[PDB]
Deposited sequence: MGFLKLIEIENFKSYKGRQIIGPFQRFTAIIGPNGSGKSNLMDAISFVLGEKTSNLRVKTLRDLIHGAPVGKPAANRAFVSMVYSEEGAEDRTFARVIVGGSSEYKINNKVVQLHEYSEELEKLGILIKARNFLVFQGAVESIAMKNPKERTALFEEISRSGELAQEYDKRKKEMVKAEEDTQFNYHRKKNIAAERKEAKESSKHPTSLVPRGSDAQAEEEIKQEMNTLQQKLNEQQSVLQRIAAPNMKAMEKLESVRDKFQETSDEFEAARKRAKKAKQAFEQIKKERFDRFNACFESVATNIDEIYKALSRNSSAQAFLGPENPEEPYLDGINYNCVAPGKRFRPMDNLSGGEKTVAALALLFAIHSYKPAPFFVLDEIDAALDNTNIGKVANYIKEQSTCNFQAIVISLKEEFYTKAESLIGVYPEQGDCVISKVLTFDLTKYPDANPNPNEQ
């Protein structure tokens, strides 16, 4: 499971035909302030089936470079993802804007979106659930969830909330959904918190309030920071409360894990007290469990990446973005 490269033609500010990557196991996307970086977040969401309304446009056609000011650079645009797999040939998944409507392709076969989604699903990519994506501020949203809405998120992921209406009009099925999801998250959560904060004198515990009817009551989450005694997560303060939320979010994504993980400015919510720690965690994870693609603002984060994709603007009637690639592994480690 590997995202090898992305190819773009006339998508938003990515005018003309452009290769993005190749990616390493840990690649960071960087550059000075502009739409260039988020437009590349949008290209990834787009080739993975995202609905037009979450792509910051009103109409598909407006994704064609130049189209927002009625000066489109072409009649079509596309984003292509090359997926590589040891022992197998590469597989190319493209979404093309043709006739103002999306045309999905797998290795030059035009396909319906339903087959596109099925074929990605066999690869571990869930384009409705977006298991591969951590959006901006996802860490903050997790940090501020009371046990009742921490359950609300779990039934969203576990499809327990799907069965909610026929159930409460009367049930073995709704349980299997939750605990196979929950116990998976709870199984892994203690190790992830021990890994983010580097020392093993840390502990994190995930217990339901209603141990055999959990979909109903809240979910409790109690941590053990190093320089602290055992206390719940709600009673934590900033710098370490964030590291506790990261463990919860990562543990969530480790159930039904995607082969690659796109982190959109996750280092925004990090201090000099923990940014280097989280960045080494991503580095260690990228050697085995998943590929990491991060969009990053903080040097202390992205200097752990193996590769940098650096985005820069070109002068034009419209904002034009292009990319550079840079290998960091050739240089000695710093401090």
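- Unmodelled regions of the deposited chain, listed from N- to C-terminal end, are 1, 172-285, 451-456.
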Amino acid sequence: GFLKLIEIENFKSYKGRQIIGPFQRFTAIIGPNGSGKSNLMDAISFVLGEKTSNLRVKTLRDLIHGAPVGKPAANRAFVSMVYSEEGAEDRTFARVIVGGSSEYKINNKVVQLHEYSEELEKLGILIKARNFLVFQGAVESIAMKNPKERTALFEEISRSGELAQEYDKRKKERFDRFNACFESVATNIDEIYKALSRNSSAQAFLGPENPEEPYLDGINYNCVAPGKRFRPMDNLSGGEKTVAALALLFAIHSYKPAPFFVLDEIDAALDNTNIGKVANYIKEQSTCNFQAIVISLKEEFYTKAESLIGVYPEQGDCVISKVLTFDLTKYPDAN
From here on, numbers count along this sequence of modelled residues.
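- Remark: stretch with higher mean C-alpha B factor among 237-245 and 129-137 is 237-245.
- Mean CA temperature factor is higher for 180-188 when stretches 180-188 and 97-105 are set side by side in the entry.
- Across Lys71, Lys122, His253, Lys228, the greatest Cα temperature factor reported in the deposited entry is at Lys228.
- Highest CA B-factor among the listed residues (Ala152, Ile142, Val79, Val262): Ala152.
- For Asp42, the recorded CA B-factor ranks within the lowest third of the chain. Only modelled residues enter the ranking.
- Among the modelled residues of its chain, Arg174 has a C-alpha B-factor that falls in the highest third according to the deposited record.
- Per-chain ranking of the deposited C-alpha B factor places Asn272 in the highest third.
- Per-chain ranking of the deposited C-alpha B factor places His114 in the middle third.
- Sort the chain's modelled residues by C-alpha temperature factor and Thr92 lands in the lowest third, per the entry.
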